[PDB]
Amino acid sequence: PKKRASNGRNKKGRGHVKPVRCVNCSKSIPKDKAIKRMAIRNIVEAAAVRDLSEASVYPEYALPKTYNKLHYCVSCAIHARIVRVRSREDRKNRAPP
Amino acid sequence: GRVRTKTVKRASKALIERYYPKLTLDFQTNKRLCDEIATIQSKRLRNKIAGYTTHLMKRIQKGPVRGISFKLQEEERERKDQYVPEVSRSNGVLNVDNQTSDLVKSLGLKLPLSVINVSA
Amino acid sequence: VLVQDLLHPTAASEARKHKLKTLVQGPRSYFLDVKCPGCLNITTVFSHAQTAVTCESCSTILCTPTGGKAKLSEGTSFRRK
Amino acid sequence: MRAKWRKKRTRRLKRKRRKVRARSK
Amino acid sequence: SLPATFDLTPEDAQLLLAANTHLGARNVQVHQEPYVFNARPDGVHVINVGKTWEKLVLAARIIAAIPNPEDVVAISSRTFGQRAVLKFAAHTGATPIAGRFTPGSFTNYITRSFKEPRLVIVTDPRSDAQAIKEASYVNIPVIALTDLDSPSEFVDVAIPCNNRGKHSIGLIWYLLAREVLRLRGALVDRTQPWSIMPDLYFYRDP
Amino acid sequence: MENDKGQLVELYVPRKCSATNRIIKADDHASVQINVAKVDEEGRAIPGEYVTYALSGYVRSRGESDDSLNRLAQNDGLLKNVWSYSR
Amino acid sequence: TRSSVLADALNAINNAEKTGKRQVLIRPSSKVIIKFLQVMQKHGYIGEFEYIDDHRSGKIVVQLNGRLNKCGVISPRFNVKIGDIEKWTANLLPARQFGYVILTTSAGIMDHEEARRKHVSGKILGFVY
Amino acid sequence: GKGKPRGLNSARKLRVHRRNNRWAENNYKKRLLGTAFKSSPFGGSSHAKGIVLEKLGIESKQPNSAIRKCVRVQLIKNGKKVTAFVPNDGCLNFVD
Amino acid sequence: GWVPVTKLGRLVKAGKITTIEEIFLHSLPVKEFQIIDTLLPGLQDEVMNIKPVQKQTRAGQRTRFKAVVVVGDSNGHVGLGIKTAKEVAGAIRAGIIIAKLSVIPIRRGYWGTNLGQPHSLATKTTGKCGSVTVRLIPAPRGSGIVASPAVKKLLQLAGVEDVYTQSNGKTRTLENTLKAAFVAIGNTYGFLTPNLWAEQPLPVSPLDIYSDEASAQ
RNA sequence: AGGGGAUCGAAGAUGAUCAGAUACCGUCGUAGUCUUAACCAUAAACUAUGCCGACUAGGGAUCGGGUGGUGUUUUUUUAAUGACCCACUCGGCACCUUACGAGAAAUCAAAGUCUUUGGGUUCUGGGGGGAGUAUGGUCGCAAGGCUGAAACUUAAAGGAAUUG
Ligand SMILES: [Mg+2]
Ligand SMILES: [Mg+2]
Ligand SMILES: [Mg+2]
Ligand SMILES: [Mg+2]
Ligand SMILES: [Mg+2]
Ligand SMILES: [Mg+2]
Ligand SMILES: [Mg+2]
Ligand SMILES: [Mg+2]
Ligand SMILES: [Mg+2]
Ligand SMILES: [Mg+2]
Ligand SMILES: [Mg+2]
Ligand SMILES: [Mg+2]
Ligand SMILES: [Mg+2]
Ligand SMILES: [Mg+2]
Ligand SMILES: [Mg+2]
Ligand SMILES: [Mg+2]
Ligand SMILES: [Mg+2]
Ligand SMILES: [Mg+2]
Ligand SMILES: [Zn+2]
Ligand SMILES: [Zn+2]
């Protein structure tokens, strides 16, 4: 039977949230279940930052990273990302890293 | 690898457990000792033993090692115990929070007063 | 816990409880006399106004209503009885 | 068979038993 | 049944306050604690160390009360206690347990850690829990040092103290030793600062 | 528990807690018995002579062992203050 | 809404005891509650209590002791026909020798044993052991 | 106090509810429905004399393998037809 | 020869305790069985039931055998002892020991009237276990024991003459039933009947009065 | 029945896949998707957990209201404000640890205060299948909703936990 008292994911006192479409497979899913990651990352990357500031005007410039919120659909979230699978107890752990 | 088995490490423990007023840091004598005090059916194994209890002996000499507690450690400790000469009578007087001193008044008696405050 | 006197409870932790959940229930609001020194006599205003109380002769103000106790308008004195 | 589809299975079957009975009215 | 000059003394009072034995735990606060004495702001509750004394006296008055002072038992896995207990244990008949415990020590004769005492004393009922638990598997009384967060299930007689380090622990243990000697014991009368340094009973260095 | 003609029949008249006066029965091995030692003039703690109590497994399970001890020994006049029947 | 005044204060007394307690605060108090709480005291099952005068229905502080196992209320106050007063005790009492069915009669509130010696019957209230 | 009305006057409610929930009882339902007399080849009776039509050979059910020898009977009192077993070795010889 | 470990295993052989009722007065935890052997030799074994149980193993199936035993006299001392072990015999070897340790006392009493020598119980007492609750209704004399074959046997050994029983659960699973029946009669020195209201002066622990006559070496 | 019809898209047609491939993937795209007027009355409409009252145990968060302060931060001239901070108090959405207690268990501050069985009240269930079927009644434009059996069959279906 049951195997989460949060149930599927986070919704106490709402009854209907409203869905979001899966970034990876367009699957609908309630935004409370959304399993979300914040893809803050550099525009450039690793080795290109030198070549950036190199063949450029301006003093080092500024460099402004590119943020977007990702929403995964479980079977997407599971198939790759933050998910693994956890022990009966490790499951309970809400802590991130 | 040369990880000694349990039968090896086991014996050596109990060996040091009761023949520290004997033995040494030397294998060769610890070796000749074993035959005298313990009975085994193997030359290979006996050395196998001695070597390690010889090693065990070598590292006790520079601080205790777990498992082996031949009580001479617990009572070398006991007399080894002491320190101090300075205590905690100097200098000034027993500094306290308001309430701590309010406490004293509201129960106790003569106390060297020295009160500061606190903040958020 | 386990043994104590419900009959003679501390005047302090008694004090901190809800106005209904005391030993004998009773209020916690008060009354006061109020002056705006242009006057000579005083009016008696309940601590929780609901109505913005108006002075005796001069239609001046006196206080304002809130979510509980009243805000006594500016230049005013008092005493509780 | 799926629970769903068996409810549609039987749903259908009624709609026709109906049809046939109406032939008799 | 009240002695006479077994009151708290100023020489004692000074002792406890340098150790900061009256600096009971923060926000944290087991309901079971009336040993408090008014809250200092900056959230540090102050301990009525007179009661702290009185309990000590009682703890003594029970430690020295068991026919064989050797099945009286010290415990502390907490490094700020190991040098304390050991020293308490030397001065009085009591057998020490400093370092890791090891479970099955009161149940299971079949072990060699095995003890079977008539009174268990402990420092910090958190870390030492094993003792406090296993002792209750087998009607053993418990004496215990306690802060304001110390869990007092299965420990009778608390000694409202300060497991926040330093000297407090070390103090108390030395005091227990003091008064179990002063109780039915080769010591002495009145004030009697006691030959032994309180700084003895301390956790070492580095 | 007596009998027709006198005769104290039925073995074992069990103990009893002191803060709860529930029976303390055989298999409760979480119960207790704390002897406080009777002292005399100048420290000396008269051995083999005690004011004693018995705390039931339940009470010290719930953690009431300490408070209840305080209250009990204080009204036995061997703790001065510490406790207050009012709260 | 609050339905049998007896029932609550009764249960509380139980849950105090059970929780190892030694006092209970009960509300709202009443003639019935007292005269019941009277009878428990009469036979040793609780100590002494006190009526406090809220200017309402009342609060009672009970001092109980530990002797008491269970104090329960019968909730449709059934009619007992003097023959049946045995049947009741039998049903719910631990032994013959002690404990009481307490009940209500035109001749007063009382324990069946007294309602035996007085030979009057009526409605049924609760019990004590 | 879950479910049922505890009132001292709730007599009717209670006795009514019982009447209803006796219907969940198969033995009861059967008895008032008169399943006895209506269906079931025997009237309401313990036995019934009929007449043989054909001798039959029923293959048993699994995991048993056999040929279970019984007779198709036309019940005299009643009309209805029944297949009935002939117990013990042989015996099916005794019919016709 | 014995050779007892445990303080209490010593005071016993040392003829310093005469009855388990001391152990019971002082709720002392028995750990060495020969304690109760000397303390109570009128005990006799009773194997109630034996059942096979099996575990699958990464290499092996393991059918060890539960055995369930009831030791006792017929004067208020009973043990329910249960152990599975890879030989039937051995399981019945160990269980009896465990059943010996387990031995508890039984408050028995009178139905109605005073008369002589308790035939029945103090009160009604319920012992629940898993899904089985047993009830013990005190019966009048000559009622005998109203209980299933097993539970009847557990009570005779307990030395109980007149008592009714109701039961309630999956009784067919014996292990859970006796374990309840046991509790039900281990529940009779729990009941604070009024006769027991008196204050007995609160006895002193054998471990202290014969502390010297105890202790290790 | 009008309107609207971007998007996405039951049906249909396609391109590939497949042994097959009425699908999964891609394309095209009807109805639908939105709105007005009237219908339908169903969802795992879920917390798979009735409502009112009472009692039983610890902890930090938090949402709204209130109360308390020679609290911070806002400077002007101190306030007044507002936003913070600490304590306490109602009533909310929850989580934490405990297990006096409860359960077949998983777990439960209620699923606890139950053979020591009674605070008040509603509703449903009584082996599995036959079956939510037949029938009658009734609602609806329809699709369908509510109400709702039996003959027969059958020794198991089922729950939770353990080990493989
Ligand atoms: Mg599943
Ligand atoms: Mg929904
Ligand atoms: Mg036609
Ligand atoms: Mg039905
Ligand atoms: Mg045919
Ligand atoms: Mg005819
Ligand atoms: Mg059998
Ligand atoms: Mg469109
Ligand atoms: Mg298609
Ligand atoms: Mg194709
Ligand atoms: Mg198609
Ligand atoms: Mg529905
Ligand atoms: Mg859900
Ligand atoms: Mg809470
Ligand atoms: Mg404010
Ligand atoms: Mg099938
Ligand atoms: Mg079969
Ligand atoms: Mg399963
Ligand atoms: Zn996806
Ligand atoms: Zn004015």
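Cut-off values and rules
Residues numbered from 1 in each chain as written, not as in the entry; some residues may be left out. Chains lettered and ligands numbered in written order. Part of a larger assembly, values for the part shown. Heavy atoms only, no water. Residues with missing side-chain atoms left out of burial classes, pairs and counts. Helix = DSSP H or I, 4+ residues; strand = E, 2+ residues; numbered from the N terminus. Expected span 1.5 Å × (residues − 1). Buried < 20%, exposed > 50% of the residue type's maximum accessible area, 1.4 Å probe, protein only. Arc of directions from axis to C-beta. Contact = heavy atoms within 4.5 Å. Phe/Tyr/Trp six-rings, centres within 6.5 Å; stacked < 30°, edge-to-face > 60°. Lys NZ or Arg CZ within 6 Å of the ring centre and 35° of its normal. Axes fitted to C-alpha atoms, helices over the stretch in contact; angles between N-to-C directions. Left-handed = near helix turned anticlockwise from the far one by under 90°. Nonpolar A, V, L, I, M, F, W, Y, C, P; charged D, E, K, R; others polar. Salt bridge = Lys/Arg side-chain N within 4 Å of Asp/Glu carboxyl O. Core = buried A, V, L, I, M, F, W, Y, C linked by side-chain atoms within 4.5 Å. Near = heavy atom within 4 Å. Polar contact = N/O pair within 3.5 Å; in protein donor to acceptor, adjacent residues only side chain to side chain.

As stated in the entry header, the method of structure determination is X-ray crystallography and the reported resolution is 3.3000 Å.

Further remarks concern the overall build of chain B. When you go through chain B residue by residue, the secondary structure sums to five helices and zero strands. Counting from the amino terminus, helix and strand elements in chain B follow one another as α-α-α-α-α. When its C-alpha atoms are laid out on the principal axes, chain B stretches across 80 × 35 × 25 Å.

Take helix α1 (residues 6-18) of chain B next. Residue and element names in this part refer to chain B. Spanning 13 residues, α1 covers 19 Å between terminal C-alpha atoms, matching the ideal 18 Å at 1.5 Å per step. Along α1, the positions that sit buried rather than exposed are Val8, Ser12, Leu15 and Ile16. For α1, the arc enclosing every buried residue in end-on projection is 90°, short of the 170-degree limit, so these residues lie on one face. Of the residues in α1, the exposed ones pointing more than 90 degrees away from the buried face are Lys6, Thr7, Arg10 and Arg18. Turning to α1, the residues buried within the fold contact α2 (27-37) and α3 (43-60).

The subject of this paragraph is the packing of aromatic side chains. Each aromatic ring pair is characterised by the separation of its centres together with the angle its planes make. By the definition in use, this model includes 14 aromatic pairs over all chains. Ring geometry for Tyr58(A) and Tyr61(A): centres 5.8 Å apart, planes at 25°, overall stacked. Between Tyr12(F) and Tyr189(I), the aromatic rings sit 4.5 Å apart at their centres with planes inclined by 70°, giving edge-to-face as the arrangement. Residue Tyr12(F) is found in the segment before β1 (35-37), and its partner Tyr189(I) is found in the loop between α6 (174-185) and α7 (206-209); the two belong to separate chains. Each of the two residues, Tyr12(F) as well as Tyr189(I), counts as buried. A network of ring pairs unites the aromatic residues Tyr174(E), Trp194(E) and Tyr201(E) as a single cluster. Against the face of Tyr30(C) rests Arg80(C), its NZ or CZ located 3.8 Å from the ring centre. Seen from the ring of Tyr58(F), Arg22(F) lies directly overhead, with NZ or CZ sitting 4.3 Å from the centre.

All right, on to the packing of helix α1 (residues 5-18) of chain G against helix α2 (residues 31-42) of chain G then. Residue and element names in this part refer to chain G. Where α1 contacts α2, the axes come no closer than 9 Å and their chain directions differ by 35°. Crossing of α1 over α2 shows right-handed handedness. Together, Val5, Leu6, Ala9, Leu10 and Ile13 of α1 and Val32, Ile33, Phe36, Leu37 and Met40 of α2 make up the contact between the two elements. Classifying every residue of the contact of α1 with α2 by side-chain character gives ten nonpolar, no polar and no charged.

A word on the interface of chain F and chain E. Contacts between chain F and chain E engage 38 residues on the former and 35 residues on the latter. Elements that contribute at least two residues to the side of chain F that touches chain E include exactly β1, α1 (57-62) and α2 (65-75) of chain F. Split by residue class, the side of chain F that touches chain E holds 16 nonpolar, eleven polar and eleven charged.

Turning our eyes to something else, we now look at the pattern of salt bridges. If you walk through the whole model with that rule in mind, you get 29 salt bridges over all chains. Between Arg78(E) and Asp124(E) there is a salt bridge; the shortest N-O distance is 3.5 Å. With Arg78(E) in the loop between α2 (49-63) and α3 (79-91) and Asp124(E) in the loop between β3 (120-122) and α4 (129-135), this residue pair connects regions lying 46 residues apart in the sequence. Judged by relative accessible area, which is 7%, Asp124(E) ranks as buried. Across the salt bridge formed by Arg2(G) and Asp8(G), the nearest N and O atoms sit 3.7 Å from each other. Here the salt bridges share partners, and the residues they tie into one network are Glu11(E), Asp12(E), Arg178(E), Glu179(E) and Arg182(E).

The next subject is the nonpolar core. In terms of nonpolar packing, the biggest core is built from 63 residues, with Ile63(E), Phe88(E), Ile121(E), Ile143(E), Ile172(E), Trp173(E) and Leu176(E) touching the most fellow members. Broken down by secondary-structure element, the contributors of at least two residues to this core are α1 (10-19), α2, α3, β4 (142-146) and α5 (168-182) of chain E together with β1 and α2 of chain F. Looking at which element gives the most residues to this core, the answer is α5(E), with ten residues. When residues no more than four places from it in sequence are discounted, the contact partners of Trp173(E) are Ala74(E), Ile75(E), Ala84(E), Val85(E), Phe88(E), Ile121(E), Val122(E), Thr123(E), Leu145(E) and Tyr201(E). Core analysis: the next-biggest nonpolar cluster, separate from the first, contains 51 residues, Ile17(I), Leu40(I), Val68(I) and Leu154(I) among them.

For the rest of this paragraph, the subject is the protein's contact with RNA strand J. Around RNA strand J, the structure places 76 residues, and the nearest of them are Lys69(C), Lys70(G), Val73(G), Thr126(I) and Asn168(I). Within 4 Å of the protein, the atoms of RNA strand J are drawn from sugar and phosphate moieties in a proportion of 83%. Between a sugar or linking oxygen of RNA strand J and a main-chain N or O atom of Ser4(G), the distance comes to 3.4 Å. Breaking the surface near RNA strand J down by element, the ones donating at least two residues are α1 (3-22) of chain D, α1 of chain F, α1 of chain G, α1 (11-21) and α2 (26-33) of chain H together with β1 (47-57), β7 (125-129) and β10 (163-168) of chain I. Tallying contributions element by element places α1(D) first for the surface near RNA strand J, with eight residues. In terms of residue class, the surface near RNA strand J is made up of 14 nonpolar, 30 polar and 32 charged.

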